[PDB]
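Heads up, the chain below is alone and in the form solved without ligand ESL; it's given as structure tokens.
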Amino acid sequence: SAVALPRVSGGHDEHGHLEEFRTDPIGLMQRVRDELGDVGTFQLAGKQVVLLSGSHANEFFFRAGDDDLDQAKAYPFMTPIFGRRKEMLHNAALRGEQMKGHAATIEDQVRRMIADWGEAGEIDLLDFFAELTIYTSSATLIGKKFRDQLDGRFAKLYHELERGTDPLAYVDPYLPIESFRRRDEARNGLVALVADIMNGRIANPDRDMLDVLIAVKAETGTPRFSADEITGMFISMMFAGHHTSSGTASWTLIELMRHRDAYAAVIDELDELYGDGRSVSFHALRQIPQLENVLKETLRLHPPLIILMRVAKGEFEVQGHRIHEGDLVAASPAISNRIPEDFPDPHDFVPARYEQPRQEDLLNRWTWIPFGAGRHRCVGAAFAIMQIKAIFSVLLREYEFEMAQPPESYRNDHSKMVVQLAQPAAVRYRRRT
């Protein structure tokens, strides 16, 4: 007896539109908007997703209180990965007064990663940036000491965790599928790496977070936290900022290479700015215009999170369409960031959009959403931007990059809820001079 909301075409497979969502989620979300407008739905297994788009619908979505649109249970694929607390996990390291030190830490991690590059060579962006950001994340959020005890193994296993986010999780996150199996196995591997580090510290003692948790005794003198508990906490702290920063660093370089005029502009800028003799820790926290605009455009075109989920906790009305409790409600940066009315020539790379005269990011407060908006806006935004500035201030002044494959061959893999750059993503480098 209730009015059914508009539903997008297709979705006749076993789990509705889920199968298409696993193969081409952006095409699906775009068809929802093309056929229905600002409010439309698609079937995700046994759930109905009310996909909102456009300034009006997005405003409702982002300004909604935690009591109206709940985020907590919107991402089922995360529970098996982790194994209020949101503030704790990040807040601490994101304090402005700590940014300078983090920038210096990031610079050091980058230099360490490129220490063996030599005069010239070739890298794969996913392998490089995924590993690099594991080191930047662990160093800044857990401690340099802890990072120094990590190698490529931790990175490989963390990546397996991320790949264990198939949309099938919306059916059941524990289904006996290979990606879920590899996910659980990788988490056990991570717990083992942590246990090994804990043991090593026992035998032979700049203290970090692990030293703190390790010293915490219960009452009988027995350690309070197990390797599993600690690893779960560490995984939690590093997740929000890993795939996002990794992917964004990859696309920033790709777009720079695809657009040599912007690349040249950034180079000139970097050389001039650093001509003042100040460190990356100083400049990564201050204006670097051209690079910043290249980053903003890269994020508009390649938002690491293409869909944002919520669970309706009540009935609401958006444009005459009624949302019911239990309804999954979503917004899409992938789609919204390319609305033609809001962003002239939305498929074109135009950093100038963000220059003082245009400022399309600030003008479209509800549709330029790579970092989300409203109360749930990305709390790591300032940090992520600082990181890009620090990373490229190093890379672009030390090396020159060129695509080793067709410009159009670089693409993302959208088969999992966590988007990852697809491979190969081969790039050649050569020392600058």
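Numbers for residues come from their place in the sequence shown, where the first is 1.
What comes next is about the form deposited with ligand ESL bound, which is not displayed.
Exactly one listed residue, out of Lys313, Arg201, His90, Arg338, brings a non-hydrogen atom to within 4.5 Å of ligand ESL in the entry with it bound: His90. Checked against ligand ESL in the entry with it bound, the residues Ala265, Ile254, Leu273, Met209 give one hit for a heavy atom within 4.5 Å, which is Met209. From the list 109-117, 211-219, 338-346, 122-130, the contact stretch for ligand ESL in the entry with it bound under a 4.5 Å heavy atom rule is 211-219. For the marked spot (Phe42, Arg181 and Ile323), a heavy atom within 4.5 Å of ligand ESL in the entry with it bound is absent from each of the three residues. Proximity of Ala240 to ligand ESL in the entry with it bound falls within the 4.5 Å heavy atom cutoff.
Although the partner is absent here, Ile307 sits close enough that one of its heavy atoms falls within 4.5 Å of ligand ESL in the entry with it bound. Residue contact check for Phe225: one or more of its heavy atoms lie within 4.5 Å of ligand ESL in the entry with it bound. For the chain shown alone, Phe82 is a contact residue for ligand ESL in the entry with it bound, at least one non-hydrogen atom being within 4.5 angstroms. In the entry with it bound, ligand ESL lies within 4.5 angstroms of at least one heavy atom of each of the following residues of 398-431: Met417, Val418, in sequence order.
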